[PDB]
């Protein structure tokens, strides 16, 4: 994808992440954990279901048309009838081929982007208290217990609480 997160600096996905598309995995002094992120997951799901509904949309309600199968050749008018239907079929087949390729290209970019937005959200919450390790992970330069980790996940983490401790750990 365009952002280089999925199949990029995020080495792989998590088969254990079964209640979300995106999420958090942490390690602290109390242990480890994996939790889904609802907002990013829902943003991706909405955009994809949105494509789906625009796709599985439209009529094609047709009754009296033209003949399309012929026992024996007749000449001029039958040639035209066959050429018209053949032209139609090729044009619609091309539309379908292109549509699915465009949608899929875009779907992959949307999901890659939502992964990147989640990462950037958390980076901005952490401010100077943490450093990007390069693999979609942050090293947190202060003690961060289960409540602290959860405050990061639900966006209530207050970086000024820990800034003095973290700055001192980072640079001395």
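Residue numbers count along the first chain shown, from 1. Think of the rigid core as the biggest set of C-alphas that the two forms share within 1.5 Å after superposition.
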Between 50-58 and 120-128, report the one with more C-alpha displacement in 8 other deposited structures of this protein relative to this form after a rigid core superposition.
50-58
Higher mean Cα B-factor in the deposited model: 125-133 or 44-52?
44-52
Which of the two stretches, 65-73 or 108-116, shows the higher mean Cα temperature factor in the record?
65-73
From the entry's CA B-factor values, the highest among 37, 103, 57, 139 is 57
Splitting the chain's C-alpha B-factors into thirds, which one does residue 86 fall into?
highest
Sorting by Cα B-factor within the chain, modelled residues only, which third would residue 6 end up in: lowest, middle or highest?
lowest
So where's residue 18 on the chain's Cα temperature factor ranking, which third?
highest
Where the record places residue 148 (Cα B-factor, split into thirds across the chain):
highest
